[PDB]
Amino acid sequence: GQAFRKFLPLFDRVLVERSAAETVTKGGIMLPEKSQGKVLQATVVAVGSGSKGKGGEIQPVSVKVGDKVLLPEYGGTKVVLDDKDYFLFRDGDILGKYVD
Amino acid sequence: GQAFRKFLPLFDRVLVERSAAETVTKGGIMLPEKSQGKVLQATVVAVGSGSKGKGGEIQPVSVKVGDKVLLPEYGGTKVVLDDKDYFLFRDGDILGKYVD
Amino acid sequence: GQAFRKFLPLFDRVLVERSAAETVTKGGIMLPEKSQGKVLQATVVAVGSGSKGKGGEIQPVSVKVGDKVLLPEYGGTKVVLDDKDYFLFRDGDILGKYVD
Amino acid sequence: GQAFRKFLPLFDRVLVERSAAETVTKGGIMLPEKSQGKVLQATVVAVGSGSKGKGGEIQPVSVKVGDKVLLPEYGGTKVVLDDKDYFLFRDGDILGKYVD
Amino acid sequence: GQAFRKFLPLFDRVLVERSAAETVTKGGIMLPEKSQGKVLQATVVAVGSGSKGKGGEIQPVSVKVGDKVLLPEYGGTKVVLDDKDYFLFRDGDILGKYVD
Amino acid sequence: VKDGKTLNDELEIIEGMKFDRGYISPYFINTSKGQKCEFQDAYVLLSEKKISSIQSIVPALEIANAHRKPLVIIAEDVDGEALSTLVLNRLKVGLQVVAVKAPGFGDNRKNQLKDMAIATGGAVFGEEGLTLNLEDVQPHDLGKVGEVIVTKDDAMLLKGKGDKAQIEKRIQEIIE
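Chains as they are written, first to last, in the deposited numbering: chain f, 3 to 102; chain g, 3 to 102; chain a, 3 to 102; chain e, 3 to 102; chain d, 3 to 102; chain E, 177 to 352.
So, in structure tokens, the structure goes:
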């Protein structure tokens, strides 16, 4: 498990911050704030130690800290750390990650 | 796991590209766009690494990249990659494949 | 697994072709088409490779291609091959066989 | 298992004491009492011995007494000890720990 | 398993006797009996032999006879023994023990 | 011209920004001689939407408390937890604050609120077009009056420290 802002997730939970919502289009058209939904793009800031899926050993989570990941529409918990929004997810809920 | 457009699926998740909807019939009758439903034919573009169904090892998915497959009507997730529509499915959701 | 018209079912799914609906009775009485429901009699045209029920091995399906089988009223999936009607079933859904 | 005020939790249950609700903001603005919801921050005062997740042995709980933890919105049992408010939680329900 | 008043519980069931409802407060105020809700404190009077949670052996229950325990708000079976109220609970339903 | 309750005709001159909206709660009264709220050199908070939440009203209260200046809150309505916060801070510690409903039923409410913003030097919050949020309030986004009376039925703002040229442009806008 890896901690972020003095917060360590438990079991296979993963903490992410969502990316910044896009404010202007590629042509130069500014977008209203209330029309921008939740960003499914996110980066991993903290992982838990993982669950015990098999007998006697700890299974680490599939993502690591700094991974750029894709989130589902629902299934995240609001976590406030130093007055900033963070979202806690189960490891199996992450749809995929972006490689570079 | 195999990545597509710098996106890699997680666990037993498969990313597919749906085939193009039929626009004109075999007799030359063009079809309206709003009347064409979702295409159940698709091509596998990205596979996940696979889940751990048994004890201690990773089970790879049953399809590979480039496979021509048949999809169910429900059960896919909208994924946008380079502003182009793609759909993510669990490996068990795919009904079958087209062999050549 | 066995393929049929360039379609191969995945896992333990079984592809069936329903028997022809009875149009005339034994007494020579023609029957309306709207009054004939789905035929629970069917033949097996394609089988999947099977699931992994136990640890590390593939369990083949209980029916083979060419078997004459009885279908449940619900639980089948519409599959169209060469503009012809076919239905996909889980192997555990088939009620029984017609043994000759 | 660790007891607190002669109360010992059973199996993997964890007893927590919620933190004090904020009565005044950083700018010196006092807040009404009924506008302050349940505090998701809490400290662990008592743990159970743990459950038997695997075959034949007892799995201890992930948190220990004195850990600063984060709690979900729902899923806690009211427990009154020496006429003072306390809450009982399952070990898996706890979101994470505050490390120092 | 331990029997009480010629009644032996089966499997992991536990028979408890609830504490007497508080009729007067610490100041000297008599309380109405209708307002006195169900008492969550109880004394274990009979335990079952336990269930077979693992392979081939019998798992004894966590509580013993004479233990002071805390009860959930729902989930108890009314058992009448010699015309007196007794309540049957699963071993997992019990929240904790009062250790002296 | 309206009726008079006396025997003689009398002329009343009403100056400044008077509107037929009193205080929301009587706990804001600090001048018991006339049952009125009296502030001098006060901040003005203007909201085009209702103020019903804690976080929509706390930051403005922290600016008013840090500057040790009174605050006048003119919105569509102030209710819920924000009203309880205002009354609690007025009664316990003695925070100088008053809350007044906005005048007008329709687009007249928006036009008069923007008139108040221009005359006081403040900004209208919770608007349809610019969409300024009440959680993000700066000390320059508040109007500055030199004087305010809030009685039971009406409130009046005097000597708003707005930009004179902006008031002139708003006057020509009303003229056209």
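C-beta atoms are modelled at their ideal positions from N, C-alpha and C, and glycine is treated no differently.
Residue i in three-state terms, based on DSSP
i, result
"residue 70 of chain f", "strand"
"residue 204 of chain E", "helix"
"residue 4 of chain e", "strand"
"residue 325 of chain E", "strand"
"residue 214 of chain E", "strand"
"residue 296 of chain E", "helix"
"residue 99 of chain e", "strand"
"residue 43 of chain a", "strand"
"residue 62 of chain f", "coil"
"residue 255 of chain E", "coil"
"residue 242 of chain E", "helix"
"residue 341 of chain E", "helix"
"residue 79 of chain e", "strand"
"residue 93 of chain g", "helix"
"residue 262 of chain E", "helix"
"residue 85 of chain f", "coil"
"residue 20 of chain d", "strand"
"residue 234 of chain E", "helix"
"residue 11 of chain a", "strand"
Contact belief for residue i with residue j at Cβ below 8 Å, rounded distance in angstroms
i, j, result
"residue 26 of chain e", "residue 46 of chain e", "The pair is not a contact, with the Cβ atoms about 27 Å apart (cut-off 8 Å)."
"residue 97 of chain e", "residue 73 of chain f", "Rounded, the Cβ-Cβ distance is 17 Å, inconsistent with contact."
"residue 99 of chain g", "residue 63 of chain g", "Contact flag wrong, Cβ pair sits at about 12 Å."
"residue 16 of chain a", "residue 41 of chain a", "Not a contact, Cβ separation roughly 16 Å."
"residue 192 of chain E", "residue 334 of chain E", "5 Å"
"residue 215 of chain E", "residue 324 of chain E", "5 Å"
"residue 317 of chain E", "residue 298 of chain E", "6 Å"
"residue 259 of chain E", "residue 242 of chain E", "Not confirmed; about 22 Å, so no contact."
"residue 221 of chain E", "residue 248 of chain E", "7 Å"
"residue 24 of chain e", "residue 38 of chain e", "7 Å"
"residue 219 of chain E", "residue 246 of chain E", "7 Å"
Within chain g, partners of residue i - CB distance below 8 Å
i, result
"residue 55 of chain a", "The premise fails here: residue 55 of chain a is roughly 10 Å from chain g at the closest Cβ pair, so nothing lies under 8 Å."
"residue 15 of chain a", "97 and 98"
"residue 72 of chain f", "9 and 81"
Closer than 7 Å at the beta carbon, the chain f residues around residue i
i, result
"residue 1 of chain g", "Residue 1 of chain g falls outside the range modelled here, since chain g spans only 3 to 102, and no answer is possible."
"residue 58 of chain g", "56"
Selection from the options that minimises the alpha carbon distance to residue i
i, options, result
"residue 79 of chain f", "f:92, f:38 and f:69", "f:92"
"residue 82 of chain f", "f:20, f:95, f:14 and f:69", "f:20"
"residue 28 of chain f", "g:77, g:89, g:85 and g:33", "g:85"
"residue 35 of chain g", "g:94, g:22 and g:10", "g:22"
"residue 75 of chain f", "f:44, f:6, f:5 and f:9", "f:44"
"residue 302 of chain E", "E:208, E:200, E:223 and E:256", "E:223"
"residue 337 of chain E", "E:229, E:299, E:348 and E:320", "E:320"
"residue 292 of chain E", "E:261, E:304 and E:339", "E:339"
"residue 313 of chain E", "E:294, E:280, E:330 and E:236", "E:236"
"residue 9 of chain a", "a:37, a:94 and a:51", "a:51"
"residue 54 of chain f", "f:95, f:38 and f:14", "f:14"
"residue 201 of chain E", "E:281, E:181, E:295 and E:327", "E:327"
"residue 288 of chain E", "E:183, E:197, E:182 and E:184", "E:197"
"residue 3 of chain g", "g:39, g:102 and g:61", "g:61"
"residue 190 of chain E", "E:331, E:309 and E:268", "E:331"
Residue i: contacting residues in chain f (beta-carbon distance under 8 Å)
i, result
"residue 101 of chain e", "5, 8, 9 and 10"
"residue 37 of chain e", "In chain order: nothing, as chain f lies at least about 17 Å away."
Minimum Cβ-Cβ distance from residue i to chain g less than 7 Å
i, result
"residue 29 of chain a", "no"
Cross-chain neighbours of residue i in chain g, by beta carbon under 9 Å
i, result
"residue 42 of chain a", "The contacting residues do not exist; residue 42 of chain a stays about 21 Å from chain g at best."
Chain E contact for residue i (CB, 7 Å cutoff)
i, result
"residue 34 of chain e", "yes"
Proximity test, Cβ basis, 7 Å: residue i and chain e
i, result
"residue 64 of chain d", "yes"
"residue 264 of chain E", "yes"
"residue 227 of chain E", "no"
"residue 230 of chain E", "yes"
"residue 307 of chain E", "no"
"residue 237 of chain E", "yes"
"residue 260 of chain E", "yes"
"residue 311 of chain E", "no"
"residue 241 of chain E", "yes"
Neighbouring residues, chain d, relative to residue i (Cβ below 9 Å)
i, result
"residue 94 of chain e", "What residue 94 of chain e touches in chain d: nothing, since even the nearest Cβ is about 14 Å away."
heavy atom of the ligand HEM below 6 Å from residue i C-beta
i, result
"residue 91 of chain e", "Ligands in the displayed structure: none, and consequently the ligand HEM is not present."
Contacts of residue i in chain e (Cβ-Cβ under 7 Å)
i, result
"residue 269 of chain E", "32"
"residue 234 of chain E", "27 and 31"
Partner residues on chain e for residue i, Cβ-Cβ distance less than 9 Å
i, result
"residue 257 of chain E", "33, 34, 36 and 37"
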